[PDB]
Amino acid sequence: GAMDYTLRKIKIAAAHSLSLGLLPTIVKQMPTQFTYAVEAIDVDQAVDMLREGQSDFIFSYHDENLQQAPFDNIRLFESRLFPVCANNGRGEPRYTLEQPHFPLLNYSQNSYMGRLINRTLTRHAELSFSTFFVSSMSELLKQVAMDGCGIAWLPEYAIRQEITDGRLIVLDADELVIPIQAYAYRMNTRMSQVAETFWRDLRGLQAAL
């Protein structure tokens, strides 16, 4: 998108596990002064797409490479990952964390969520699992979990209603809960008036996210 230019276009790259949950809320609450070009990326594409001008802003998670001096950021929200699974028809989990080699529905090895989930499982040797299904898309993992195919770590904002309906059941609310923080990243350099307006309004919007 380096050569691509309009007066109003905002070029956003967003992590796979974050696009659907976050973009509609921003698009709906932003002033009607922008147009949007958004592409889903893996976490490690973000550095180069910002520096090469392919994206104006990155919607990602905590990134040590991006929280340094050449970039600027604002924390959009924090959330938590819960291990969940479908119910057993009686309001109880269909699977148990203690089952030897329980079916795990995981994010990809090169994803931010996957790294923290694998780090968590490693520290808890009391848990053995067999990886049944791997995908980068949060909503794909969510649906596969809802269908009863195993246990998945999913962020609270994506499963809020399903926890209320009981279609998904939380398996642990303490040691296996993983904290996550979502950030918007940009270059420290001054940008166009429309992009600077977008950044200003996104900060003012952050409280309501």
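The first residue of the shown sequence is 1; numbering continues from there.
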Can you tell me which stretch has the higher mean Cα B-factor, 76-84 or 110-118?
110-118
Once you work out the mean C-alpha B-factor for both 142-150 and 161-169 from the entry, which is higher?
161-169
From 43, 50, 37, 26, can you pick the one with the highest C-alpha B factor in the entry?
43
Options 182, 58, 69, 177 - largest CA temperature factor per the record
69
Within this chain's modelled residues, let me know which third the CA B factor of residue 99 belongs to: lowest, middle or highest.
highest
Tertile call for residue 135 (CA temperature factor, within chain, third-based) is the middle
Among the chain's modelled residues, which third holds the C-alpha B-factor of residue 16?
highest
Looking at the C-alpha B-factor of residue 200, is it in the lowest, middle or highest third of its chain?
middle
Ranked against its chain, the third holding the CA B-factor of residue 9
lowest
